[PDB]
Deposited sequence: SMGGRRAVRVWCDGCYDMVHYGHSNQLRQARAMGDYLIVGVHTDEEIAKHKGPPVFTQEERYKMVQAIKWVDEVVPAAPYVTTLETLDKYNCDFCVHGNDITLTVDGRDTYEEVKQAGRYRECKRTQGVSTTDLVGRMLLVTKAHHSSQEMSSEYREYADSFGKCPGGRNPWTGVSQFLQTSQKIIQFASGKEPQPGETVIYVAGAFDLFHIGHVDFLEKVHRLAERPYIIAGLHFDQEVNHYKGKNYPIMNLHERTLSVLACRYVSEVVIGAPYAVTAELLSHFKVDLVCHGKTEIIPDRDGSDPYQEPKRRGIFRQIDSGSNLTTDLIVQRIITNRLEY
C-alpha cells in the first residue's frame, strides 16, 4: 500500500467547458485523489461581477466530472495552507496565469514558498470569453472553432472500456452543445436504469445540428462536444458523428439493450418520421425526466445581459 497523494483545485467553474475538465484531469493525474473548492455567488461578486450560474448549479456540474472525487462548497477565493492543511491536501494545482497583487507580490506566495503549488498547462481551443463570443454571434455554418483535436486528447478523456458481461448497454443521442447541468441530470437518471450501466452517447454531426437548430448552432463543434461529454462520469463511450435516426444497424452494432430521451421536444426526422421509431418498435424505448429545464438557448440568454 502506497501513501496517498490528495490534490486540491479551486475556482468559480462558471459555465464549465472542456478546459475546466482538462485541468481537473491534469490535476488528478498528479496524485491519487482530487478535491475541488468552489466559491459562492456572494464571494465571486466581491472580486468580479456575479456569476452566470448559481453556486448549487456550479457545485453540481463540477461534481459530475469524472476526475473530481469531492467538491468543497464556499471555498475561499485564494488558496491557503490553512485550506490545504484543513482538507489534508499535499499541494494545489492552478493553470499558469500572472497572479500578482497591486504592489507586485504573488497572490500564491505563501503556498509557492511552502513548496505546495503545482502548475498545469492551459487547454488549447477554448475559454469562457471565446464562448461568450460564440453566443453573441448567434443572437445578433462554416466553423469559428480552432480547437485541434487529436487521438491523444481523446485517449486522455475516454474511460476506454468495452461493455462487460452483465452491463446494460443504454444508448442516448442529441446535440449535447454547451454540455450543462441539464444533460448531467438527464444522464445521471439514465444511469439509474440498471445495476451496471454502460451509457453510449450519440453526438449529432454539426451540419445536422445546424439544420434542426438554425442560425449559427452548434456553438461547440463535434470534437469539442466529444470531449465535453466524455468528461462526464455517467458516460462510458461516445459515437462521434451519430445518425439522427436511431437506426437498426446502430442498435445491432452496439448491442443496445435500452434507449432513452429526456422530456425535451423531439423534432421529426427530415422525412417526417419519429427518429426513435425503431427502438419503440422493439419495445426498448424509455422516456426520462431530468427535472431540469436548462437548454443551450437558455444558457445564451443568461450569458448575454445586454
Tell me which segments of the deposited chain sequence are not represented by C-alpha atoms in this structure. 1-3, 144-171, 338-341
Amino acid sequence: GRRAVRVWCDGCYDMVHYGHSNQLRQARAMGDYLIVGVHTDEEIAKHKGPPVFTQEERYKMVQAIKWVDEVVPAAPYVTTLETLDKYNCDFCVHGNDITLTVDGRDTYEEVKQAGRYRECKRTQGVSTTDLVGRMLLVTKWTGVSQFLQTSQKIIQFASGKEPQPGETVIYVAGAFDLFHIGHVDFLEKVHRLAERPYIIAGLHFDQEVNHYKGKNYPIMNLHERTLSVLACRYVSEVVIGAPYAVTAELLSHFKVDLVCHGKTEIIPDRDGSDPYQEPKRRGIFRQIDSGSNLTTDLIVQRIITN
From here on, numbers count along this sequence of modelled residues.
Is the mean CA B factor in the deposited entry higher across 71-79 or across 174-182? 71-79
Mean C-alpha B-factor higher for 107-115, or for 164-172? 107-115
Residue selected from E42, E237, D274, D32 by maximal Cα B factor: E42
Looking at the C-alpha B-factor values in the deposited entry, which of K280, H253, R270, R28 comes out highest? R270
Ordered by C-alpha B-factor within the chain, which third holds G37? Give me lowest, middle or highest, please. lowest
Among the chain's modelled residues, which third holds the C-alpha B-factor of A231? lowest
Among the chain's modelled residues, which third holds the C-alpha B-factor of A245? lowest
Lowest, middle or highest third - CA B-factor, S21: lowest
For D130, return the chain-relative third of its C-alpha B-factor as stated in the PDB record: lowest, middle or highest. middle
